[PDB]
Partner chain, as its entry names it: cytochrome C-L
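Have a look below at one chain only, the form solved without its partner chain, in structure tokens format.
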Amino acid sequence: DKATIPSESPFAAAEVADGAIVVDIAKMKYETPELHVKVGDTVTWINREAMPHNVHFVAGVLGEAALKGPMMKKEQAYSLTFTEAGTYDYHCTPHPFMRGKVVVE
């Protein structure tokens, strides 16, 4: 698989690690819709609004199966550690017009 999941459950925004590469979600948008990180980096999305959101990668892009992350409520977070270079598109399952990508280099 090209990503590791540190926590299968969402966790509190206060529990996000110190060296965290944060993407905020607010106003029905991923605030950094094109993020560039390097191999081995953990990206953490934090939902800043009351409407629940997640990140969903379809099958074949991070692994054989789709990775449909858990719904994050307000001030909850979810992390993915990327282990292989490439461009990984994602969207929000209930809100497919919300789209972003992680370019791992």
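Only residues modelled in both forms are compared. Residue numbers count along the first chain shown, from 1. Between two forms, the rigid core is defined as the largest C-alpha subset superposing within 1.5 Å.
Participant: Comparing 86 to 94 with 9 to 17, which stretch shows the greater average C-alpha B-factor in the deposited entry?
Facilitator: Comparing 86 to 94 with 9 to 17, the higher average CA B-factor belongs to 9 to 17.
Participant: Between 48 to 56 and 76 to 84, which has the larger average Cα B-factor in the PDB entry?
Facilitator: Mean B over CA atoms: larger for 48 to 56.
Participant: Would the CA B-factor of residue 62 place it in the lowest, middle or highest third of its chain?
Facilitator: Its C-alpha B-factor belongs to the highest third of this chain's values.
Participant: For the chain shown, is the CA B-factor of residue 99 in the lowest, middle or highest third of its modelled residues?
Facilitator: It belongs to the middle third of the chain when residues are ordered by C-alpha B-factor.
Participant: In terms of the CA temperature factor given in the entry, to which third of its chain does residue 26 belong: lowest, middle or highest?
Facilitator: Middle third - that is where residue 26 ends up once the chain's C-alpha B-factors are sorted.
Participant: Divide the modelled residues of the chain into thirds by Cα B-factor and specify which third, lowest, middle or highest, holds residue 39.
Facilitator: Within its chain, residue 39 is a highest-third residue by C-alpha B-factor, going by the deposited values.
A second form of this protein, the form solved in complex with its partner chain, is not displayed here; the remarks below concern that form.
Participant: Using heavy atoms and a 4.5 Å limit, would one call residue 63 a contact residue for its partner chain in the bound PDB entry?
Facilitator: Result no; residue 63 lies far from its partner chain in the bound PDB entry.
Participant: In the bound PDB entry, does residue 42 have a heavy atom within 4.5 Å of its partner chain?
Facilitator: No, residue 42 sits far enough from its partner chain in the bound PDB entry that none of its heavy atoms falls within 4.5 Å.
Participant: With both forms fit on the core, has residue 17 moved 2 Å or more by CA between this form and the one not shown?
Facilitator: Superposed on the core, residue 17 moves its C-alpha 2 Å or more between this form and the one not shown.
Participant: Where the Cα shift reaches 2 Å or more for at least three residues in a row, which ranges qualify between this form and the one not shown on a rigid core fit?
Facilitator: CA shift run, sole hit: 17 to 19.
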